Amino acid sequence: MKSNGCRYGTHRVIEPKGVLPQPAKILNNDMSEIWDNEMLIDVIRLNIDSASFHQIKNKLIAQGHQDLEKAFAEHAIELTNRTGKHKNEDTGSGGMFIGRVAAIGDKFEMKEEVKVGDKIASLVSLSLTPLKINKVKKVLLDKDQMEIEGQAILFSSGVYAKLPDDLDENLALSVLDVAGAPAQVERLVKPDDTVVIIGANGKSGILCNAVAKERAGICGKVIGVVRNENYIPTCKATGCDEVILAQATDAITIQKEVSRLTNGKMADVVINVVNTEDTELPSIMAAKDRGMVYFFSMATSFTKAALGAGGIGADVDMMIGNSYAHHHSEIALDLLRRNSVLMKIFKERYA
């Protein structure tokens, strides 16, 4: 065991020098001796990024490979052994792994309590994960996955979730996928708040509906916004008191309907969890003066939010929805355990 290791992982950066593992081109994936603050994993499955996976598979077909499953297998071994990680050299994507804990450093910053043998999922990108592929058992082209045998490093700054046996299935990775959303909502929503959730039928949306209603309480008002009227029962069943029918890009409609349902006082907290562009200005206009607008979605444009609010003189706070929060996986899993309505919907939708 080697001592004084960087939680950000610079001790495993080979090329170039003085950059973090993610921007690094070549990482040190030598799993024979670990650092004091690292944690080693016996990798079971690689969930590759769907655009990265699709991109590599096509490039192998354009070079005239016949056996795509082996060619992808061939591509993975060469990529990881040369660069130390499965960072797509063209798109710069990656993914996550599922494995079992293999060794734990003495000075490892423990987040979720795990021991050797625990089955954990990774919530950080493969583009920063030291990875060594010893064998490729299967290459599922339709599942963007690889059944392998290898090992990976989690730095002390890394993020992982302990996968439960009592919760079965891939219920958890669909939850870990959006676990940062409900954890953040419970920090934002006060008792008696009026909450507007735009994209209230989505994966993270319905989790936000439930947590928002729990926090705002009996005298709070949770208002969903959805594009399609077939979604109204689900929004109300997952916590919305009222539901608006509008395109998330329809700023004027959403404003008048929120104003009507709140007698012109508007929302204290607006949660945006749609996957569409040009919904920044509608989200801003649903909020009251000095209200909170929380952007969770990757379709959010920084510039449209920052300048949009200026043009209409909207003094509201606009926060970038962090993908991580302390205990966000435990909290999101707890939410499904406490909320039977959500649990069923998740098992039906993302089993």
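Note that residue numbering follows the sequence shown and begins at 1.
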(request) Tell me which of 104-112 and 151-159 has the higher mean C-alpha B-factor in the deposited entry. (result) 104-112
(request) Check the entry's C-alpha temperature factors for 167-175 and 224-232, then say which stretch has the higher mean. (result) 167-175
(request) Check the PDB entry and point out which of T276, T262, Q145, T238 has the largest C-alpha temperature factor. (result) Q145
(request) Identify, among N322, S283, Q63, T300, the residue whose C-alpha carries the highest B-factor in the deposited PDB entry. (result) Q63
(message) Among the modelled residues of this chain, does the Cα B factor of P130 put it in the lowest, middle or highest third?
(response) middle
(message) Where does the C-alpha B-factor of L20 rank in its chain, lowest, middle or highest third?
(response) lowest
(request) Taking the values exactly as deposited, rank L68 by C-alpha B-factor within its chain and report the matching third: lowest, middle or highest. (result) highest
(request) Taking the chain's C-alpha temperature factors as the reference, tell me which third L207 falls into: lowest, middle or highest. (result) lowest
(message) By the recorded C-alpha temperature factor, relative to the other modelled residues in its chain, which third is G217 in?
(response) lowest
